[PDB]
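One file, upload_29.txt, is given below (compact mmCIF, C-alpha atoms and all ligand atoms).
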```
# COMPACT_ATOMS: atom_id res chain seq x y z
CA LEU A 835 98.13 162.03 72.44
CA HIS A 836 94.43 161.51 73.15
CA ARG A 837 94.35 164.89 74.90
CA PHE A 838 96.09 166.45 71.89
CA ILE A 839 93.49 164.93 69.56
CA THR A 840 90.68 166.30 71.72
CA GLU A 841 92.24 169.77 71.92
CA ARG A 842 93.32 170.23 68.30
CA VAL A 843 90.87 168.01 66.38
CA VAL A 844 87.08 168.20 66.67
CA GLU A 845 84.55 166.79 64.21
CA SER A 846 84.49 169.18 61.25
CA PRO A 847 81.09 169.57 59.53
CA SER A 848 82.42 169.69 55.96
CA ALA A 849 84.71 171.68 53.63
CA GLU A 850 87.84 170.18 55.21
CA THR A 851 90.59 168.29 53.39
CA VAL A 852 92.48 165.16 54.45
CA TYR A 853 95.46 167.24 55.70
CA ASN A 854 97.71 164.36 54.49
CA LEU A 855 99.16 162.28 57.37
CA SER A 856 102.26 164.11 58.61
CA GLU A 857 100.18 167.04 59.89
CA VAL A 858 99.04 165.05 62.93
CA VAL A 859 102.56 164.25 64.14
CA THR A 860 103.76 167.73 63.15
CA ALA A 861 101.11 169.40 65.30
CA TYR A 862 101.55 166.83 68.08
CA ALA A 863 105.27 167.60 68.38
CA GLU A 864 104.67 171.29 69.11
CA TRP A 865 101.65 170.51 71.29
CA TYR A 866 103.72 168.13 73.42
CA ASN A 867 106.58 170.65 73.60
CA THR A 868 104.26 173.49 74.68
CA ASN A 869 102.13 171.38 77.06
CA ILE A 870 104.16 168.67 78.82
CA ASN A 871 107.85 168.85 77.90
CA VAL A 872 110.23 169.33 74.97
CA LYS A 873 111.79 166.18 73.48
CA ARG A 874 112.36 164.61 70.09
CA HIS A 875 110.04 162.08 68.48
CA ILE A 876 110.27 159.65 65.56
CA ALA A 877 107.33 160.21 63.22
CA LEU A 878 107.26 156.70 61.71
CA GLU A 879 105.94 154.77 64.71
CA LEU A 880 103.79 157.65 66.01
CA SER A 881 101.34 156.92 63.19
CA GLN A 882 100.37 153.49 64.56
CA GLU A 883 98.66 154.72 67.73
CA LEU A 884 96.60 157.03 65.50
CA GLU A 885 94.91 153.89 64.20
CA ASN A 886 94.99 152.64 67.79
CA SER A 887 93.30 155.92 68.79
CA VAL A 888 89.71 157.03 68.23
CA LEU A 889 90.71 158.22 64.73
CA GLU A 890 90.57 154.58 63.56
CA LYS A 891 87.09 155.05 62.10
CA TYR A 892 88.24 158.28 60.42
CA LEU A 893 91.63 157.11 59.09
CA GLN A 894 90.74 156.67 55.42
CA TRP A 895 92.85 155.11 52.70
CA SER A 896 94.17 156.85 49.59
CA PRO A 897 94.60 155.90 45.92
CA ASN A 898 98.35 156.41 46.45
CA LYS A 899 98.15 153.63 49.09
CA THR A 900 98.66 156.14 51.92
CA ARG A 901 96.71 157.03 55.05
CA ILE A 902 94.56 160.17 54.89
CA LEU A 903 92.09 161.72 57.33
CA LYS A 904 88.40 162.57 57.13
CA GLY A 905 85.95 164.52 59.26
CA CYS A 906 88.81 166.49 60.79
CA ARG A 907 89.72 170.10 61.55
CA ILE A 908 93.07 171.55 62.65
CA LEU A 909 92.00 173.60 65.65
CA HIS A 910 94.30 175.90 67.61
CA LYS A 911 94.27 178.06 70.76
CA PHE A 912 90.81 179.03 72.03
CA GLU A 913 88.89 178.13 68.86
CA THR A 914 85.32 177.06 69.63
CA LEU A 915 83.40 174.18 68.04
CA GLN A 916 82.83 176.21 64.84
CA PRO A 917 79.76 174.31 63.51
CA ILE A 935 84.36 151.94 103.02
CA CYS A 936 83.93 151.40 106.76
CA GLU A 937 85.88 151.24 110.02
CA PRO A 938 85.97 148.51 112.71
CA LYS A 939 85.33 149.03 116.42
CA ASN A 940 88.92 149.52 117.64
CA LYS A 941 91.12 146.99 115.76
CA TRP A 942 91.74 147.37 112.04
CA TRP A 943 94.76 145.08 112.51
CA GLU A 944 92.17 142.46 113.51
CA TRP A 945 91.80 142.16 109.67
CA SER A 946 87.96 142.03 109.91
CA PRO A 947 86.11 139.21 108.08
CA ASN A 948 87.12 138.18 104.56
CA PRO A 949 85.70 141.33 102.87
CA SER A 950 87.72 143.40 105.37
CA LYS B 696 110.72 152.02 71.50
CA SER B 697 111.34 151.30 67.85
CA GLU B 698 115.04 151.23 67.01
CA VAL B 699 117.25 151.73 63.97
CA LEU B 700 119.55 148.85 63.04
CA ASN B 701 122.84 150.15 61.70
CA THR B 702 124.00 148.31 58.60
CA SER B 703 127.40 148.17 60.32
CA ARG B 704 128.36 145.21 62.54
CA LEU B 705 125.84 143.04 60.68
CA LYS B 706 128.46 141.31 58.52
CA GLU B 707 130.65 140.25 61.44
CA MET B 708 127.66 139.04 63.47
CA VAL B 709 126.29 137.03 60.53
CA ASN B 710 129.51 135.77 58.96
CA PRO B 711 130.98 132.38 59.95
CA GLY B 712 134.52 133.77 59.81
CA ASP B 713 136.81 134.80 62.64
CA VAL B 714 136.04 138.06 64.45
CA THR B 715 138.37 140.14 66.62
CA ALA B 716 137.70 141.70 70.02
CA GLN B 723 141.96 142.99 69.73
CA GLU B 724 141.80 139.25 70.40
CA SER B 725 140.54 137.14 67.49
CA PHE B 726 138.28 134.10 67.79
CA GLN B 727 135.89 132.01 65.71
CA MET B 728 132.27 132.87 66.53
CA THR B 729 129.40 130.37 66.20
CA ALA B 730 126.10 131.31 67.85
CA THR B 731 122.48 131.15 66.76
CA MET B 732 121.12 134.68 67.04
CA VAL B 733 117.52 135.72 67.73
CA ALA B 734 115.80 139.10 68.04
CA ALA B 735 112.25 139.92 69.12
CA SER B 736 110.49 143.18 69.94
CA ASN B 737 107.03 144.67 70.32
CA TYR B 738 108.00 147.47 67.90
CA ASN B 739 109.49 147.62 64.41
CA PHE B 740 113.09 148.06 63.27
CA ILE B 741 114.65 150.39 60.70
CA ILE B 742 116.54 148.87 57.76
CA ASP B 743 118.10 151.07 55.06
CA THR B 744 119.87 148.91 52.46
CA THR B 745 119.14 146.96 49.28
CA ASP B 746 122.39 145.08 48.53
CA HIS B 747 121.97 141.36 47.93
CA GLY B 748 124.81 140.68 50.36
CA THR B 749 122.47 141.82 53.11
CA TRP B 750 118.70 141.20 53.09
CA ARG B 751 119.56 137.60 52.10
CA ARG B 752 120.93 136.33 55.43
CA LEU B 753 117.85 137.79 57.15
CA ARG B 754 114.56 136.16 58.14
CA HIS B 755 111.37 137.82 59.35
CA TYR B 756 108.21 136.56 61.03
CA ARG B 757 105.24 138.23 62.71
CA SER B 758 103.26 136.78 65.60
CA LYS B 759 99.49 136.65 65.11
CA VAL B 760 98.09 135.48 68.46
CA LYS B 761 97.49 137.72 71.47
CA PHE B 762 97.55 136.56 75.09
CA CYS B 763 95.26 138.60 77.33
CA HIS B 764 93.37 137.96 80.55
CA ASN B 765 89.86 138.43 79.11
CA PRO B 766 89.48 136.08 76.11
CA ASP B 767 87.50 137.14 73.06
CA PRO B 768 85.36 134.30 71.65
CA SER B 769 85.22 133.44 67.93
CA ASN B 770 88.70 134.93 67.39
CA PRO B 771 91.40 132.22 67.08
CA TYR B 772 94.12 134.91 67.17
CA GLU B 773 93.61 135.60 70.88
CA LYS B 774 93.62 133.46 74.02
CA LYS B 775 93.86 133.85 77.78
CA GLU B 776 97.43 134.40 78.96
CA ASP B 777 99.00 132.44 81.81
CA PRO B 778 101.51 134.75 83.51
CA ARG B 779 102.47 131.76 85.64
CA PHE B 780 104.34 130.50 82.58
CA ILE B 781 106.65 133.44 83.28
CA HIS B 782 106.58 133.92 87.06
CA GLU B 783 107.34 130.20 87.45
CA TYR B 784 107.63 127.05 85.26
CA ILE B 785 111.24 128.04 84.45
CA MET B 786 112.78 127.03 87.78
CA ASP B 787 111.28 123.52 87.57
CA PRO B 788 114.00 120.97 86.68
CA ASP B 789 111.42 118.64 85.12
CA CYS B 790 110.22 121.23 82.61
CA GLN B 791 113.82 121.97 81.59
CA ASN B 792 114.54 118.26 81.15
CA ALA B 793 111.46 117.86 78.94
CA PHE B 794 112.40 120.93 76.90
CA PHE B 795 115.97 119.66 76.45
CA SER B 796 114.61 116.31 75.26
CA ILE B 797 112.38 118.15 72.78
CA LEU B 798 115.36 120.14 71.45
CA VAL B 799 117.59 117.09 71.04
CA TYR B 800 114.79 115.16 69.33
CA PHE B 801 114.17 118.04 66.91
CA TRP B 802 117.88 118.40 66.14
CA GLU B 803 118.16 114.68 65.41
CA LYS B 804 115.09 114.90 63.17
CA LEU B 805 116.67 117.77 61.23
CA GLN B 806 119.96 115.89 60.92
CA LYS B 807 118.28 112.73 59.62
CA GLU B 808 115.97 114.62 57.23
CA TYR B 809 117.82 117.60 55.72
CA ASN B 810 121.37 116.38 56.48
CA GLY B 811 122.10 119.29 58.81
CA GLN B 812 121.15 121.97 56.27
CA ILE B 813 118.75 124.69 57.40
CA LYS B 814 118.44 126.25 53.93
CA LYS B 815 117.05 123.01 52.48
CA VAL B 816 114.03 122.96 54.80
CA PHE B 817 110.77 124.15 53.24
CA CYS B 818 108.34 126.70 54.68
CA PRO B 819 105.89 128.65 52.48
CA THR B 820 105.11 131.41 54.99
CA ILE B 821 108.83 132.01 55.55
CA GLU B 822 110.60 133.75 52.64
CA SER B 823 107.13 135.03 51.70
CA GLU B 824 106.57 137.27 54.72
CA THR B 825 110.32 137.99 54.66
CA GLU B 826 110.23 139.22 51.07
CA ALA B 827 107.14 141.28 51.91
CA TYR B 828 109.15 142.91 54.70
CA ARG B 829 111.93 143.50 52.16
CA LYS B 830 109.32 145.35 50.09
CA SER B 831 109.16 147.67 53.10
CA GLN B 832 112.19 149.39 54.68
CA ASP B 833 112.91 151.02 51.29
CA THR B 834 112.05 154.70 51.63
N1 LIG C 1 100.21 128.95 75.38
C1 LIG C 1 99.96 129.80 76.40
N2 LIG C 1 98.92 129.59 77.24
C2 LIG C 1 98.65 130.42 78.26
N3 LIG C 1 99.38 131.52 78.54
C3 LIG C 1 100.45 131.85 77.78
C4 LIG C 1 100.81 130.99 76.65
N4 LIG C 1 101.89 131.54 76.07
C5 LIG C 1 102.20 132.66 76.78
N5 LIG C 1 101.34 132.85 77.79
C6 LIG C 1 101.39 133.96 78.77
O1 LIG C 1 101.22 135.20 78.07
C7 LIG C 1 102.17 136.16 78.51
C8 LIG C 1 102.79 136.85 77.30
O2 LIG C 1 103.49 138.01 77.71
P1 LIG C 1 104.99 138.24 77.19
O3 LIG C 1 105.61 136.88 77.01
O4 LIG C 1 105.65 139.26 78.08
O5 LIG C 1 104.73 138.87 75.73
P2 LIG C 1 105.75 139.93 75.09
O6 LIG C 1 107.10 139.30 75.30
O7 LIG C 1 105.31 140.02 73.65
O8 LIG C 1 105.51 141.19 75.90
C9 LIG C 1 103.23 135.44 79.31
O9 LIG C 1 103.35 136.03 80.61
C10 LIG C 1 102.76 134.01 79.44
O10 LIG C 1 102.64 133.66 80.82
```
Rewrite the structure from the file as C-alpha cells, please.
Ligand SMILES: Nc1ncnc2c1ncn2[C@@H]1O[C@H](COP(=O)(O)OP(=O)(O)O)[C@@H](O)[C@H]1O
Amino acid sequence: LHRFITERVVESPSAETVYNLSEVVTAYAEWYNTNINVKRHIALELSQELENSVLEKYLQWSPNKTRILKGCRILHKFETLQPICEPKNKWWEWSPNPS
Amino acid sequence: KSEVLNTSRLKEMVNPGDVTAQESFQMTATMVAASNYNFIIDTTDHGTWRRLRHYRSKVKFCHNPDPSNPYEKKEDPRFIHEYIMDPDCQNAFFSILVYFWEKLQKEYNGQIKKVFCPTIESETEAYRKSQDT
C-alpha cells in the first residue's frame, strides 16, 4: 500500500480536489491486481491504514463528517512529477562473547 | 482480518433456553470475544443490540515505552511465554475469581444488570450509533 501511494499519489501543487475517500481503495484494488496478485478486498477496514500511512497529515475532515484528501494527485502509468570477521581455523570455537 | 457477524445463530448463543445439536441440551456459558480488528453488525431490532456489550482497550504494550503517555507501557512477553504454567499463579487467580464472585453475590444479589458502570452502556450505545449504514 505504501508503494501504491508512492506510485499513484505525489504531492500536487494545487488545483486538485479531495477525490472523496473511496478513490484510494478503488485505485489500490486495480493496482494490487496488476502489480502483485488478484484478490478481493473489503474497503471498510482498508481506510484505517491510510491514516496509519504517511497520508495522516493530509487526511482532512469534511463538513459531512467524512474523510477527504488534500495535496493529492491521481497519477497513472509513466506520468512525471508534473509541477564481520573470520577466526583462525575454528568458528565452532565460538570466539569470545562478541563472536 | 475484520469479520462480518451474521445476525443468525446469535439468538441461540445468547438465549438461556435449550438448544439442539439433533440432541437438545440446556446451554449456560459466559461468552467473550476479542479481536484487533472491527466486526460488522447489520441490524437495529431491539431484540438484538440489547444483549450486547462493547468496550475498547486504550493502553498499548510495546517494548520501547513512550514517556508522558499513560496509554502506553512496556510489554512483558514473559506474561505469555510463561506465568501460565505456574500452579501458584493459577491458585491466586482462582482465589481472586471466587472473592469477586462472592462480592457480586453479596452486593447485587447475583444480578449483573444491576451493577453500575458509566463507561459501559455509553461506549456501547456509541458503537450502536455505528454499524448502521
Ligand atoms: N500489565 C502488563 N505489564 C507488562 N507486560 C504486559 C502487561 N500486560 C500484558 N503485557 C504483555 O504485552 C503483550 C500483549 O500482547 P497480546 O496479549 O498478544 O496483545 P493482543 O492479544 O492484543 O495481540 C503480552 O505478550 C504480555 O506479555
At most 12 Å is the cut-off: for each residue in chain A with any atom that close to an atom of chain B, write down the nearest atom pair and the distance in Å rounded to one decimal, counting all atoms listed in the file, chain first then increasing number, as CSV.
```
residue,atom,partner,partner_atom,distance
A:875,CA,B:696,CA,10.5
A:876,CA,B:697,CA,8.7
A:877,CA,B:697,CA,10.8
A:878,CA,B:697,CA,9.1
A:879,CA,B:697,CA,7.1
A:880,CA,B:697,CA,10.0
A:882,CA,B:738,CA,10.3
A:883,CA,B:738,CA,11.8
```
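Around ligand LIG 1 (chain C), using only C-alpha atoms and all ligand atoms and a cut-off of 12 Å, the residues in contact are residues 734, 735, 736, 737, 738, 757, 758, 759, 760, 761, 762, 763, 764, 765, 766, 772, 773, 774, 775, 776, 777, 778, 779, 780, 781, 782, 783, 784 and 785 of chain B.
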Within 12 Å of (129.6, 131.0, 59.2) (file coordinates; all atoms listed in the file), which protein or nucleic acid residues are there? I'd like them as a count of residues only. 15
Two-atom distance - CA of residue 903 (chain A), CA of residue 844 (chain A) (Å):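 Separation of CA of residue 903 (chain A) and CA of residue 844 (chain A): 12.4 Å.
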Please, what distance in Å, to one decimal, runs between CA of residue 874 (chain A) and CA of residue 705 (chain B)?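 CA of residue 874 (chain A) sits 27.1 Å away from CA of residue 705 (chain B).
Atom pair CA of residue 852 (chain A) / CA of residue 901 (chain A): separated by 9.2 Å.
For residue 853 (chain A), the list of residues within 9 Å, based on only C-alpha atoms and with local chain neighbours fewer than 3 positions off taken out, reads residues 850, 856, 857, 858, 902, 903, 904, 906, 907 and 908 of chain A.
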Residue contacts of residue 947 (chain A) (12 Å, only C-alpha atoms) excluding same-chain residues fewer than 4 positions away, as a list in words: residues 938, 942 and 943 of chain A
Within 8 Å of residue 754 (chain B), counting all atoms listed in the file, which residues show up once you throw out same-chain ones fewer than 3 positions away? Write them as a PyMOL selection string, please. chain B and resi 751+821-822+825
If we count only C-alpha atoms and set the cut-off at 12 Å, which residues sit around region 864-868 of chain A, ignoring sequence neighbours fewer than 3 positions away in its own chain? Please answer as a ChimeraX atom specification. /A:835-842,857-861,871-875,909-911
For residue 830 (chain B), list every protein, DNA or RNA residue within 12 Å, evaluated using only C-alpha atoms, and leave out those in the same chain fewer than 5 positions away; present the list as a PyMOL selection string. chain B and resi 742-745+750+822-825
Nearest to residue 898 (chain A) by atom-to-atom distance, counting all atoms listed in the file, from A:881, A:854, A:940, A:886: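 Among A:881, A:854, A:940, A:886, it is A:854 that comes nearest to residue 898 (chain A).
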